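The next block holds one structure in the form of structure tokens; read it before the comments.
Positions of Cβ are backbone-derived with ideal geometry, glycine not excepted, and every protein chain shown enters the neighbour counts. Quick note: the coordinates plus some simple rules give every number you see, no bench work behind them.
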Ligand SMILES: *[C@@H]1O[C@H](CO)[C@@H](O[C@@H]2O[C@H](CO)[C@@H](O[C@@H]3O[C@H](CO)[C@@H](O)[C@H](O)[C@@H]3O)[C@H](O)[C@H]2NC(C)=O)[C@H](O)[C@H]1NC(C)=O
Ligand SMILES: *[C@@H]1O[C@H](CO)[C@@H](O[C@@H]2O[C@H](CO)[C@@H](O[C@@H]3O[C@H](CO)[C@@H](O)[C@H](O)[C@@H]3O)[C@H](O)[C@H]2NC(C)=O)[C@H](O)[C@H]1NC(C)=O
Ligand SMILES: *[C@@H]1O[C@H](CO)[C@@H](O[C@@H]2O[C@H](CO)[C@@H](O[C@@H]3O[C@H](CO)[C@@H](O)[C@H](O)[C@@H]3O)[C@H](O)[C@H]2NC(C)=O)[C@H](O)[C@H]1NC(C)=O
Ligand SMILES: *[C@@H]1O[C@H](CO)[C@@H](O[C@@H]2O[C@H](CO)[C@@H](O[C@@H]3O[C@H](CO)[C@@H](O)[C@H](O)[C@@H]3O)[C@H](O)[C@H]2NC(C)=O)[C@H](O)[C@H]1NC(C)=O
């Protein structure tokens with residue numbers, strides 16, 4: 001798992017490598033209100049439901 | 001000109017400060033934390049290493065008796081056996097058939113290579129932070145090594161800098177620490193003088209050169225077999241060798257906040273947490289008189305493209321009318337967006353471009369070029385790439401502006417409902433006043 | 001047989017612990033704290049010593065001019081003067097009358113004897129207590145050196161001793177310390193890189209051998225007098241030498257709880273505060289079986305003379321009946337009175353004598369000889385000497401027993417008042433009952 005904080009992994013003798021994620025999703029912001037909720041649901045899929 | 005600020009303790013984050021003196025044109029500094037180092041304070045408890053058992057040759061007394069003598073040696077064991085009849089290759093000596101005696105002796109001592117291969121048991125407390133900050137502004141560009149506590153002032157090009165104490169007091173080392181070569185272990189070791197056989201700390205020494213030694217390995221002697229000379233014994237195997245095979249994990253692969261643990265000295269590096277207050281004291285030669293810098297009027301900020309990604313994925317444009325061409329110091333007064341540059345060349349053409357990185361769907365920030373001001377607002381689309389190998393260049397703020405599409409919809413719906421409720425209130429008030437007037 | 005106790009942290013106080021194994025005769029130990037040492041943890045900040053101004057010879061240029069050159073020296077100063085016409089014993093050189101220049105130069109440097117006479121500025125935190133205890137019981141003497149924290153076990157004649165952490169966490173050293181030879185001061189010194197001229201810390205060095213130096217002593221050059229070669233200059237006097245005569249007080253003559261401060265290493269010794277928990281583990285050979293111990297019956301305790309003074313100002317007499325003659329252990333089960341001796345010789349004559357020290361007007365305590373018991377009460381008169389040169393040998397308990405003279409008077413008076421109140425309430429209740437039955 002690679003959260004937005006990122007992570008590092010050590011493989012054999014190689015140097016550790018760090019990988020970071022981006023705030024990417026599947027909805028459409030600046031669309032119909034049934035698409036803005038979709039956008040803010042890929043991000044934080046636990047507080048959007050409560051707020052709605 | 002005294003100034004104060006607070007800058008994040010994140011390696012590589014391009015912090016820029018805006019200093020706006022009342023009599024001079026504004027200035028923009030750039031500070032960056034190239035490297036950080038967290039140093040604990042250590043008190044050595046003892047040293048452990050593999051033991052080595054010393055077995056002197058037996059003393060077989062022919063036709064007689066021998067007596068054991070006590071000695072002051074670590075884990076000394078001595079016993080006397082009767083009725084022995086040894087043998088050798090050519091014949092059996094001790095002519096007396098059964099009135100013989102063998103004295104078995106053994107004791108333990110620190111190994112030969114304990115000075116090269118040993119583990120130290122420390123107590124770690126009261127960490128001290130130390131950094132290496134790169135400070136650049138105007139025509140100044142230098143890197144300095146600073147102690148991050150409010151008592152080390154370093155002068156960079158005539159300016160005094162005091163980096164205040166770290167905001168938080170979090171350190172990754174427990175009270176007790178066991179160090180081996182280049183690995184640090186969060187472990188609880190037995191007290192000196194009470195180590196148990198077979199586990200870590202079966203033999204303990206206060207220091208690698210210290211003459212005293214506490215050893216407890218359960219060394220026990222046994223009666224030799226008939227017709228042989230061998231001094232048998234049994235002993236619980238080494239504790240340092242059990243420990244090496246069963247220490248488990250480390251701290252190099254377990255520390256929070258992604259900070260590397262290094263040894264000699266013990267130190268945790270690049271460990272992102274907290275904020276670093278900064279105090280300054282600038283001379284009067286850094287600024288420029290407001291008369292000399294250009295005058296900027298009618299500033300409009302328009303956003304070309306936006307994409308809330310990690311790198312600088314937004315392009316900004318400024319239109320203005322200026323009298324003379326020179327230099328300004330751009331800055332963004334909200335942490336929603338972070339510009340890339342701290343200086344722009346203004347020209348009579350009246351058009352400059354800037355790059356910014358943001359992490360919210362609809363940002364709103366106020367940007368200033370020399371003394372002017374402007375409010376920028378834009379709509380940004382998410383990026384497609386799932387994973388990238390560089391850290392975020394924004395402050396990671398997500399709440400959109402009240403003028404964004406989502407919040408515009410919320411405002412409109414709430415306004416409609418509020419108008420309905422106000423109309424109902426008015427109807428009720430009119431009805432009740434008419435009823436009471438009767 | 002595991003055991004635990006709590007002993008005062010006062011030097012020389014003869015603590016006696018009483019151990020009562022059910023299958024064996026009681027045992028009495030004696031533990032005395034010969035010496036303590038409160039050892040802080042120190043981090044060096046910088047080193048200050050008197051400075052020494054270096055003035056190279058002037059370079060008088062004849063019929064020409066010279067330019068100033070900048071250099072990286074501590075508090076460096078350089079200037080060029082115009083129109084000098086110097087003179088020497090034989091005459092006046094620089095043939096040109098007016099077109100000559102003289103170049104003045106000076107800078108500061110650390111003194112020659114700075115390695116032998118300097119003041120160190122430290123940070124002190126997290127003191128560590130180390131003690132030297134004398135343990136005597138049965139027939140075993142001996143004095144050991146024990147770290148007073150819950151993880152150092154030392155064995156004295158087969159008995160394992162662990163001296164627990166100190167009750168209090170009080171230290172006489174503030175956060176910041178200045179150490180000079182054999183004197184410690186509680187002082188707040190300027191941060192490195194920001195020392196002010198003329199006071200402590202005008203010049204600072206990170207270590208005795210460190211090459212870097214920071215100097216701020218207001219060195220300022222002046223124009224040479226006409227017809228002279230001297231390089232005049234002015235400079236604010238040394239701040240270290242000023243500090244020497246106006247440091248004020250110390251900590252050796254200022255510390256609380258009467259503990260002497262020493263140096264190399266910095267430590268505060270014999271400093272009476274708190275309590276020291278003690279854990280034990282005794283072998284079976286330390287005790288004597290109850291069958292071997294003499295049997296004591298009908299124990300009665302009488303006090304001949306008493307005087308609540310610092311030394312042992314009481315004499316105690318015990319009468320009993322025994323079957324055999326041997327050794328008993330004597331202990332007092334209350335801290336109001338402390339017995340001088342821990343064992344006594346029981347004889348068929350049926351009389352032993354003891355010495356005790358008390359600090360209350362009327363003490364009451366129970367004393368045991370081997371397994372017997374007896375309750376002792378006495379009336380003690382105050383002493384006559386106003387001042388003595390030795391410490392107190394009692395536990396400083398003043399409240400008398402409820403059976404004392406003063407408490408007897410209080411009890412009698414309160415009993416009379418209670419009888420009166422009870423009679424009143426009885427009369428009122430009788431009258432109320434008669435009235436209600438009407
Ligand atoms: C040469 O061989 C003879 C073998 O008989 C050795 O004679 C032995 O000498 C030892 C001297 O200590 C005798 O030991 C003693 O035995 C008595 C009785 O058991 C005991 O009470 C003493 O405390 C002591 O242990 C031993 O008995 C004796 N052997 C006999 C008499 O048969 C002789 O010592 C040898 N000479 C050498 C090795 O130079
Ligand atoms: C302010 O001064 C620092 C140095 O005091 C400048 O750091 C410079 O950083 C660049 C890249 O960030 C370095 O160039 C690199 O050189 C390596 C050599 O192998 C090359 O592989 C890289 O691709 C890159 O070209 C440069 O060496 C370094 N200068 C030094 C160390 O003296 C910094 O750039 C200065 N600020 C500005 C705005 O220029
Ligand atoms: C011997 O003594 C004579 C005495 O005059 C020295 O002559 C002087 O030389 C200096 C250096 O060349 C002259 O200074 C120059 O002045 C002109 C202005 O006239 C200026 O433009 C130059 O830049 C330079 O500063 C100086 O004028 C001249 N004396 C006179 C009266 O003109 C000579 O240098 C001495 N020689 C030695 C080897 O000491
Ligand atoms: C356990 O060991 C200590 C130290 O060896 C014993 O303390 C010592 O006690 C003897 C007397 O029993 C002291 O000798 C005399 O001391 C007086 C003191 O005024 C002096 O005037 C005499 O000239 C003579 O030296 C000795 O000084 C003393 N040592 C110390 C360091 O205090 C202790 O008595 C031993 N335990 C037992 C049960 O004996």
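Descriptive notes on the structure:
- Considering only residues in region B:399-417 that are assigned to a loop (DSSP other than H, G, I, E, B) and either without any contact (Cβ under 8 Å) to a residue 24 or more places away in the chain or exposed (fewer than 15 other Cβ atoms within 10 Å of the Cβ) (or both), the one that is nearest to the other protein chains (Cβ to nearest Cβ) turns out to be B:399.
- Within region A:35-52, restricting attention to residues that are surrounded by 15 or more Cβ atoms within 10 Å (Cβ to Cβ) and within 10 Å of chain B (Cβ to nearest Cβ), the residue that is nearest to the chain's Cα centre (by Cα) is A:43.
- Lone qualifier among B:329, B:360 - being within 14 Å of chain A (Cβ to nearest Cβ), within 38 Å of the chain's Cα centre (by Cα) and touching a residue at least 12 places away in the same chain (Cβ under 8 Å): B:360
Residue-by-condition table, conditions (1) within 16 Å of ligand 4 (Cβ to nearest atom); (2) over 30 Å from residue C:245 (Cβ atoms); (3) surrounded by fewer than 19 Cβ atoms within 10 Å (Cβ to Cβ):
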| position | (1), (2), (3) |
| --- | --- |
| C:30 | yes, yes, yes |
| C:52 | no, no, yes |
| C:83 | no, yes, yes |
| C:86 | no, yes, yes |
| C:91 | no, yes, yes |
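- Taking the criterion of being within 10 Å of chain B (Cβ to nearest Cβ), farther than 25 Å from residue A:7 by Cα and loosely packed, with under 15 Cβ neighbours inside 10 Å, the residues of region A:20-34 that qualify are A:28, A:31, A:32, A:33.
- Residue within region C:51-61 that is under 21 Å from residue C:160 (Cβ atoms), more than 16 Å from ligand 2 (Cβ to nearest atom), assigned to a loop (DSSP other than H, G, I, E, B) and away from chain B (no Cβ under 14 Å) present: no
- Sole residue being more than 16 Å from ligand 2 (Cβ to nearest atom) and either within 17 Å of residue C:194 (Cβ to Cβ) or within 14 Å of another protein chain (Cβ to nearest Cβ) (or both), chosen from B:124, B:131: B:124
- Options B:142, B:160: the member that is over 30 Å from residue B:81 (Cα atoms) and within 16 Å of ligand 2 (Cβ to nearest atom): B:142
- Test: residue in region B:40-48 that is surrounded by fewer than 17 Cβ atoms within 10 Å (Cβ to Cβ), more than 16 Å from ligand 2 (Cβ to nearest atom) and away from every other protein chain (no Cβ under 14 Å): no
- Residue within region C:202-221 that is out of contact with any strand residue (DSSP E or B) (no Cβ under 6 Å at 6 or more places or on another chain) and in a helix (DSSP H, G or I) present: no
- Region C:157-175, subset within 13 Å of another protein chain (Cβ to nearest Cβ) and either without any contact (Cβ under 8 Å) to a residue 40 or more places away in the chain or within 23 Å of the chain's Cα centre (by Cα) (or both), residue farthest from residue C:48 (Cα to Cα): C:162
- All positions within region B:208-218 that are within 14 Å of chain C (Cβ to nearest Cβ) and surrounded by fewer than 16 Cβ atoms within 10 Å (Cβ to Cβ): B:210, B:212
- Restricting region B:108-121 to residues that are touching a strand residue (DSSP E or B) at 6+ places or on another chain (Cβ under 6 Å) and away from chain C (no Cβ under 14 Å), the residue that is nearest to ligand 2 (Cβ to nearest atom): B:120
- Test: residue in region B:1-9 that is exposed (fewer than 14 other Cβ atoms within 10 Å of the Cβ), within 14 Å of chain C (Cβ to nearest Cβ) and either part of a strand (DSSP E or B) or more than 16 Å from ligand 3 (Cβ to nearest atom) (or both): yes
- Looking only at residues in region B:93-113 that are closer than 30 Å to residue B:205 by Cα and loosely packed, with under 12 Cβ neighbours inside 10 Å, the one that is farthest from ligand 3 (Cβ to nearest atom) is B:112.
- Flag if residue C:359 is surrounded by 10 or more Cβ atoms within 10 Å (Cβ to Cβ) and more than 26 Å from residue C:9 (Cα to Cα): no
- In region C:134-156, residue surrounded by the most Cβ atoms within 10 Å (Cβ to Cβ) [restricted to those that are away from every other protein chain (no Cβ under 14 Å) and out of contact with any helix residue (DSSP H, G or I) (no Cβ under 8 Å at 6 or more places or on another chain)]: C:135
- Any hit, region A:2-18, residues being facing another protein chain (nearest Cβ under 10 Å), closer than 17 Å to residue B:399 by Cα and either within 13 Å of the chain's Cα centre (by Cα) or free of Cβ contacts under 8 Å to residues at least 60 places away in the same chain (or both): yes
- Taken over region B:176-207, the residue count meeting the criterion of being under 24 Å from the mean Cα position of the chain (by Cα) and more than 11 Å from every other protein chain (Cβ to nearest Cβ) is 11.
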